[PDB]
Structures are given as C-alpha cells and as structure tokens.
C-alpha cells in the first residue's frame, strides 16, 4: 500500500516538470515579467483543492489533517526556509523534481536538504527543534468526518463553521480572481487551467492513498527525504512519503526525457555549488522547524485552511524576498 506513493509521486513529478511549477516565482513573474501564469496556477489549484479536500472528506475517502500551529516555528522556520530556497535555486519541489531533469546543482541541494532536515529532526540541530517545540499552541480540533482528532486549528474551526462554508467562500473568490483578470502571455498547451485540475486530482489521490498507508496527510516533501535517508543509513523501512519522493524524481525524469528536455547540466560558475548547498541546509533547517515545506504547508496545508500553513507560507515569501535582495 505504501507503493501507491511511487505512483502518486510519479504523476506528481510529471505535473511539476511539464508545468514548470515554482510557486516562489509567482509574485516575481507578475511584477517583473508580466507573467501571471504561476500566480493563476497557484490560486486556482488552491481553490480546487479547497473544494476537493472537503468533498472527499464528506464521502469518507479521507480526513483533513491540518498541521499544528507553532508561532515561533511557523514564522522563523518559514522565513529561514524562504532564504534557503533562493540560495538553492529552489522551487515548488524543484530541488526534488529537477534532480530527474539532470541538474547537478539540484543533486547537491537535495543531499544537503536531506541531511540538514535529518540533522534538525534527530541530529546536531535537534536542540533547536526541541527549543522551538515549547511554543506549540495547544489549540486543536476534535474528531469528525472532516478532521483527524488532535489536528491543528483551521479557519472554520476558529470561526465555529462547517468546513464547507469558508472553503466554498474562499475558493469561489479565488476562482473569481484567477478567471477575472485574464492571464497574460504564455503559449504552453499545458495551460494553468489544465495543470491546476491535474495537480488537484493528484493531490486528492495523494491524500486518499497515503491515508490508507497510515500517513494521514496529502503531498509532502521533507518527510519523504528524511524517510529515504533514514532507510539508507538505519535500514528502517520506507513509507508512502519516501516512495513518493522517488516517484517525483522518476516522474520528472520521464517527462523531461520524453519532451527532449533532459540533459546533465552544470552551473556557469562552480561557486553556485557552494551556494545551493548552504541553501539546501537552510531549507532542511527551515522546513523541519516550520513543520512543512512549499508542498506540505503551502500546496497541501493552505487548502485545508490550516492556520499554521497560511502563516508559514507568508514567511516563505518574506524569506524569499529577503534573500533575493541579498543575492541580486
């Protein structure tokens, strides 16, 4: 059953590679290249996931599991994760999926992303994670058809509303925005409309099949890399998230090769390698501290209306802006 992560990861990697999904550049392309493609893709996918997650929970195929709120962890970890993603040339799992494209810089970043996240959870940096955990909010939701017992607070739980209500309100506003302003300049057939539906269906399949394997969450990155390193160095068995990372790399590699876009590549200057390795370390430190990455928090947690995920994605962007100015 854990092997469904390979299939979901495979399909996930295809969607990432064909759409060039890099959420962090959505706010940059709209102001600097007049390209709202990633922005439209982001808001539309979140809206569909808002509706899809609550619908699949209503029919008993899954339960939403919002990540716990930790003000210190979500903010500081999110900010640091934003810094490292710029140094690492990071992306919406681009450190992961561009490994299958043939970018040797991504090979470094992933290694240092995996090591740093491993070190922060259980190694030399775990003293910092242990200190951060003292600020965890005790706010929780109780068991229902919509939520796993003990999950983090959400927009509806705080407001005391059925999760259908803010999901339908915020998604309707998101859909109105994505279609209101008609998108500007891009000729890929894999347009933001078809890519949002595919990405939402993959995220729905991910949430359903992972729950059957015992991991009650949707798509993620950081936990899969830790599970892979743990299995290689401790002989621990792999789980759904570990085989998902394998599938992502495999899926992006297949898509890049079929489209003629695979090529082993090197940066123009070797110092980029040192730059993306510190980025991977910061990404590993920041993602574990914040309790999720651009996938576990932003893509998967925001549609669940999780307060921790919305707060962490705010500082993903602020950390991105900060390091983007430091570098450029």
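Positions refer to the first chain, counted from 1.
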- Note on the structure: Between 22-30 and 297-305, the record assigns the higher mean Cα B factor to 22-30
- When the C-alpha temperature factors are averaged for each of 32-40 and 274-282, which stretch ends up with the higher value in the entry? 32-40
- Among 81, 179, 107, 225 - the residue whose C-alpha B-factor is largest in the record: 179
- Message: Can you tell me which of 122, 210, 156, 230 has the maximum CA B-factor listed in the PDB entry?
- Response: 156
- Task: Pull the Cα B-factor of residue 68 out of the PDB entry and bin it into the chain's lowest, middle or highest third.
- Result: middle
- Is the Cα B-factor recorded for residue 193 in the lowest, middle or highest third of its chain? highest
- Taking the entry's C-alpha B-factors for this chain, is residue 163 in the lowest, middle or highest third? highest
- Is the Cα B-factor recorded for residue 131 in the lowest, middle or highest third of its chain? middle
- Query: Taking the entry's C-alpha B-factors for this chain, is residue 174 in the lowest, middle or highest third?
  - Reply: highest
